[PDB]
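The structure appears right after this line, and notes come after that.
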Amino acid sequence: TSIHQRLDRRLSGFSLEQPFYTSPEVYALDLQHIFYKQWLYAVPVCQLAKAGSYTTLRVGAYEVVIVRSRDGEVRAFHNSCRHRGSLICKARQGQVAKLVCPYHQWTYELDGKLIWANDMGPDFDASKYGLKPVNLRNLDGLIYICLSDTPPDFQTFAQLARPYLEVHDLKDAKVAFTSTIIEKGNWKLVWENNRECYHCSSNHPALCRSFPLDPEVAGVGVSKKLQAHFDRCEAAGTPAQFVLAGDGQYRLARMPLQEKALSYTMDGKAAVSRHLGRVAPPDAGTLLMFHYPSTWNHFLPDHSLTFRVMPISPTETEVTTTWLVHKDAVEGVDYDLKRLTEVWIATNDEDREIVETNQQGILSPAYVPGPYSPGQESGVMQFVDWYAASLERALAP
Amino acid sequence: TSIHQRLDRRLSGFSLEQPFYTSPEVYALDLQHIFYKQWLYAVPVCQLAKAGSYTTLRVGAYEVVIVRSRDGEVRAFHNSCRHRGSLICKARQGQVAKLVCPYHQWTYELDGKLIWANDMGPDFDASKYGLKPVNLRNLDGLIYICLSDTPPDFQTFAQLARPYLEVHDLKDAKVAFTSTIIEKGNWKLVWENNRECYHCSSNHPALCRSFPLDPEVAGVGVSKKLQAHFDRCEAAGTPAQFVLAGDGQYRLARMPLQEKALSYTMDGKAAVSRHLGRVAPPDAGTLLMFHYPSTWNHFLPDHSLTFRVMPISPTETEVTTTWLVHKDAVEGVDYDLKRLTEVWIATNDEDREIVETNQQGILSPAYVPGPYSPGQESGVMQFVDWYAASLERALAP
Amino acid sequence: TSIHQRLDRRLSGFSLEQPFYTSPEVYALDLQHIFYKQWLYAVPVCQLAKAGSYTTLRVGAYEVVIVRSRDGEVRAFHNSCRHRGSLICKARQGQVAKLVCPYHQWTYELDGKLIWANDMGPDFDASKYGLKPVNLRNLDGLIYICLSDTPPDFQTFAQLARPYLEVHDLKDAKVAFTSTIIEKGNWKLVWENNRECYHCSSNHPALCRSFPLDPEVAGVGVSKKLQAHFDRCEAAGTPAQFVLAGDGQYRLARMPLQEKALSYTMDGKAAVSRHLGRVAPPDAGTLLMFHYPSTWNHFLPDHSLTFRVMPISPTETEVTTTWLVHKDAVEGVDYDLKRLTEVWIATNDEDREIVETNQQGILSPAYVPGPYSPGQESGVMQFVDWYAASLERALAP
Ligand code: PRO
Ligand code: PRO
Ligand code: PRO
Ligand code: FES
Ligand code: FES
Ligand code: FES
Ligand SMILES: [Fe+3]
Ligand SMILES: [Fe+3]
Ligand SMILES: [Fe+3]
């Protein structure tokens, strides 16, 4: 049975046939046609504070390095020396004056240009051997990248998102904490787990203290209560109302939290007393933003969290959660690290366990697609449709 | 060279060509056509003492859960939720009132029926989404399962075995100890090592204290001495005589132990003073039972041992040894754990080492089939014939 | 794209296209057509001091055992029992009277002949089941082996090398220390790193104390200074001048060390005060010898080092460094272990890091061949040409 036959018979209301989650062949397609073609969230721009600042990340097999150039611009490059291929930047992050390959010291300017290569002979044209660039966008303090030489349109999304994101002043953030975990499940299982709160009341004690179980929230017809919340927000100049991509790729919405909760904390109060951004009112709740296939996000009035999904192998996915707070917020004074992070560290561990347990069942040959819940899992259906549709376009001659 | 060509030129008196032991392609065939089609030993029924008792096990990629239902029946099921596939029972064993998937709490009755699924909408037919059953037989206190929807005939074997097994009262046993090890050799190498005692006098000091080296014993024309033993047994009402399957799949025989030995112990005396079953005479020796591809077994007058062979990968096999004793036998009083187990724990470690060393040599491209010993390894020849024959039937259009 | 197309478009002055370094398909070809067909360095003969001495090693999947026979001859054999395939010698090295398989004790004489096999029946012809021999050459105290039944010509190389090697009296050495490491890079990346000192001044602080950075040295038109050194050597009866194989497979040359340095030590003085061999003058420098695909070597006046390259997987290579000193040299008296070894232990660690970092960049799909330095990396070009040419001959119908 071919991939085309599997996609042809796929019905929208059901989880995917086994190979989509477990086969190396579908993983190769997901990499080639999804992760290698769409725009991807990489890191907050505040990680590249000073010029010479760099951060590295792997995308599938690609080795990418992101650096802040001399001119103040942020640029991305393939982290592979044009000489014999070596990684140039081995550390996760750092600062340098120049990009100097540790092998033979071919030296690049922070804009990728090869400015010195020892003893290469008279016929060497350095202009042909600068670092290969990687398409990059700055989404209001959040760095996105695209590995395709023919990137899809980012602008529609950026323009739609700017109003919602700019009120968080992400450019003025610092990273208060980063958590990187590996979940032993296909990247799609990670997203499907993320696009429903069908599993929340049983699996997320801490999260449920502040994050609503309403399917309307964590999922994908605006109710009265919700529109009322949108209104308080927007009356205060804080964009809030539902926005969904034409093609399902992204969604933004500022949702209310559980009664009285202001933030993702055990007591429900703000985690940080010096807010990141100018969100109003204090109880504006959480701006949810997703953008397939790479990222979901929770921007709160006091602090923000980005999540980055990166594929490791058919049955492994790296999830990186970044807590953003105001750059002048002081740990121990303006916030407490444990108190800031504990809820989502626990929620993440609980999701990992769940995803991995899901994956283990799926690996049984007895596993067959099952029906998603119309009322609790329409967001899951929504993601799978976007996924299949994307896969089909890419596979079309 | 195809599998059909390899099987076509195979001569019975020789070990198999390399790929049978080391290739992923033969492993896939062994799983599909052997482990997924034949009956397999799973666990003693005494592990499912109370209703709501369950135990889980993996067979190849299949995730199986075995549970004792409300009606006192023992049933097996695919351990994959009909919603989105998750394992329902994560622990190795436990008790529950209901099968409740930890993901979204789809809840099943202990007979597999879906009795509650949250918010699935009016068009949801729970009768279509009960757990998938797994064929199950109870062989006189030993649970066997078959992953095929068209199971082979178990009854011929069961009827032949009942007389030999029933005198052990396995229904009244408890598990005194379980040992699970992984041997780094193809599952067939584990069986070939098991079907001869050609290697015993050099590799098994402890075992050799009580278990005879006679090829007639551990192997596959009844001598005088042996028939005499069969006779003492059967004169005492204890079935003993050789039984071999028409097609070689199974064999039963109650063999004498080394002079004076009554059990698998360092001193040769009984391990347990409260016997499991009603075997007579005291020196009835050991009932050997094998059933390809899953199990060999030693039932003694005082206690019994089952062994379960499960494939992990082309070059890994899980062997699970279960010591059964009478349910009222008291550890520290009626038997001593170390004394009960030490012989076969050591024998198992020694076999693991041997199998792994065998496998390592076999992985050399220089390895070619070699001649089995007619007198010491006819049981090995017997197993390989059953194996090849099984493979050929399954491959026949 | 086929291997033939990749080889067809390959230009000599560039590093290889990705799959040569990372694909399982090229790894299978390298094993089949290179490592399994060419002569390979195994161990110094002094490791087989006494009769019954043996040493074992893996070559790709092949399991080889090398033993010193009763007649004083050194022979090699496939380390797989002719019965059911088991390794016969499990230890890395040892002594035995006979080769006795630990499984069923089939017993071989040290020349491979099967002299005893228990109970194999009247139709058993032991003459058909002796250990399979492995072609073996003794290169003046260095044991080489060839896994092909139709070995290439070793004699041209041996005759060319004898004059250079014999003055080191390798037959009179002992192993003072062995270091085995795994580098996470393709075996070709290990060689390319070895065939240039383009990376030396930045990566090898210790080595650079005594080993010259002149490309003429570590690389592949004899300058005045160098010929002068050749002359001092050969005037003293010590062969020194450049020898390169017709087909690029091997090279020998006795190069001068850094000003005043006599050996690979932190202080530059001799490591051992009792010299191995009769090299003269004291500052004769280092005899470099390479032989693709298995070995590079540094023979100094006081002691010698062999390096053995063996493939582990597409992206892993085992490098084994052996320090040879005179058999009567006494540790703690005639040399200090740390002082003898520290330079090349560090150099090796530094190379491992470099190779692994090279490999990591290469695994990016963005990696493309790049230009080798004509003046610093002609030795690299030389190795890659030998490699491609070898691969092409072997692939020719
Ligand atoms: O339970 C969680 O953690 C995520 C939040 C959005 C939907 N599910
Ligand atoms: O040696 C052993 O442990 C097994 C027992 C039956 C044949 N070989
Ligand atoms: O740097 C090193 O260690 C090796 C020596 C020969 C060429 N490169
Ligand atoms: S690989 Fe970067 S300088 Fe050689
Ligand atoms: S997977 Fe079992 S309830 Fe959703
Ligand atoms: S495998 Fe060597 S004696 Fe049986
Ligand atoms: Fe969750
Ligand atoms: Fe055994
Ligand atoms: Fe080096």
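Residue positions begin at 1 at the first shown residue.
So how was this one determined? The header says X-ray crystallography, 2.2 Å.
Cβ coordinates are placed from backbone N, Cα and C, and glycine is handled just like the others.
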Residue among B:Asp8, B:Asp30, B:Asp351, B:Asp385 sharing the Fe cation site, where Swiss-Prot lists B:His199, B:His204 as binders: B:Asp351
Secondary-structure category, per DSSP, in which B:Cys81 ([2Fe-2S] cluster binding site) falls: coil
Subset of B:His104, B:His204, B:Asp351 (binding-site residues) with C-beta under 8 Å from chain A: B:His104
Interval bridged by 4 absent residues [Cα of B:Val220 to Cα of B:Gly221, Å]: 10
For B:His104 ([2Fe-2S] cluster binding site), the number of other Cβ atoms found within 10 Å of its own Cβ: 26
For B:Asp351 (Fe cation binding site): DSSP state (helix, strand, coil): helix
Cβ under 8 Å to chain C, applied to binding-site residues B:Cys81, B:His83, B:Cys101, B:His104, B:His199, B:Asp351: B:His199
Cα-Cα distance linking B:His199 (Fe cation binding site) and B:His83 ([2Fe-2S] cluster binding site), given in Å to the nearest integer: 51
Sparsest-packed of the listed binding-site residues (B:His83, B:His199, B:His204) - C-beta count within 10 angstroms: B:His204
Cβ contacts of B:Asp351 (Fe cation binding site) (under 8 Å, same chain, 6 or more positions away): B:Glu183, B:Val190, B:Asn193, B:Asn194, B:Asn203
Where the C-beta lies under 6 angstroms from ligand 8, the matching binding-site residues among B:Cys81, B:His83, B:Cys101, B:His104, B:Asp351: B:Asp351
